[PDB]
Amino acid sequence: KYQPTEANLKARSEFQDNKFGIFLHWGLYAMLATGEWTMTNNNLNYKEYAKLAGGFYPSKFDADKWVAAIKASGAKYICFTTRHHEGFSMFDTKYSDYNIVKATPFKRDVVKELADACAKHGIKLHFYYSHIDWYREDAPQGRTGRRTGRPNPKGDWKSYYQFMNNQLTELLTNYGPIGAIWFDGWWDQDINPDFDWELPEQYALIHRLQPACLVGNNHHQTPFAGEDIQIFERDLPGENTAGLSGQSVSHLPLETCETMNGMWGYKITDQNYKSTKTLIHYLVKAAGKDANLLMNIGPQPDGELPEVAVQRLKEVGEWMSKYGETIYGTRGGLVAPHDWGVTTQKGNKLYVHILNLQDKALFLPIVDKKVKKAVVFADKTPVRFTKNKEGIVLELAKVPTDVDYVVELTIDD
């Protein structure tokens, strides 16, 4: 069965170490500015929808600007939608003329420009790839895309499968080293429990071209053999407030994805961006649950990242410059997430992230381990603490009102 290589295991460790990445959802749907599900939500004819590519020209696109804005947040990788459910390829593929170079006046391989900029800024680059397709006539139809006017609902699974494997070969050979392939769409065939996605062969292909490329699949299931990371959508592992994540937590590297407003693709009615404080909290709570955070922006049809999104990124980076040592290269801390906050850990250090506390003292259930030292991370002032039957009790100088009041504990062994 699945034997992950030494390189793959190293890449899993580096992934868990980086903690924070940015999701970019960009395609033809940015013209419509009503969301990447609009083609199926509105039952748009597939040929009519394809006509939009003739008017696609994000004149202000600047991959360098994007990646500099993203790096100023402290994020270490980008996950970019190379091709979403709409079926439009944002890269110069030779297996379909329905792509940004051939089909639009822009005539520019957006994916290549991104990969170059990412390489220049030392930001790893992951590729989102859609297992389902609402445009191609050989794509089989599950629950979505049943009213786009296509002629063969059953599709030609052999043709379409060969097409995906050839495009993945393109993406893995032409754009230098690729952090991960992020598959999505599996849930589209869940109504058909016998649907054979032929995943062993595809994962084998990916690992055969680049053995350190991680493989994820947003299937909301217990991971399948050959996957290298587990995806939780709009929820933290073991949580299910958004209704998409009832699956158990595995021993694979965990990653949570989330939007900065309410949608993945650019939405012109939706300018309700979460505060900087909410965003830092998402990141820290994820780290405290031993998971990465993948935070999304939907770029505009003129090619600029939304301005408010960029300012949020800038302010999150201002916080990260001060507190990143408590997040980077850590794992889920020895003390489970509580209502007051979370803990992370690295070496002999356990970081207590006090996010939400009304008191001037905090009880921690640390029994076996001995707490050798306790200081305020920000300036290294003492934290008095007393042992008791069930743990320790920190005595704080004030009721914390910071975004994250971090106390650094040194433990033995």
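Each residue number is its position in the shown sequence, starting from 1.
Across the two stretches, 274-282 and 119-127, the PDB entry reports the greater mean Cα temperature factor for 119-127.
Averaged over their C-alpha atoms, the temperature factors of 301-309 and 192-200 are higher for 192-200.
Per the deposited coordinates, the residue with the largest Cα temperature factor out of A336, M260, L236, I268 is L236. Looking only at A291, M295, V342, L172, the residue with the top Cα B factor in the deposited structure is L172. Placement of the Cα temperature factor of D228 within the chain: middle third of the modelled residues, per the deposited record. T144 sits in the lowest third of its chain by CA B factor, as recorded in the PDB entry. Annotation for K19: CA B-factor lies in the middle third of the chain's modelled residues. For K389, the recorded CA temperature factor ranks within the highest third of the chain's modelled residues. Annotation for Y95: C-alpha temperature factor in the highest third relative to the rest of the modelled chain, per the entry.
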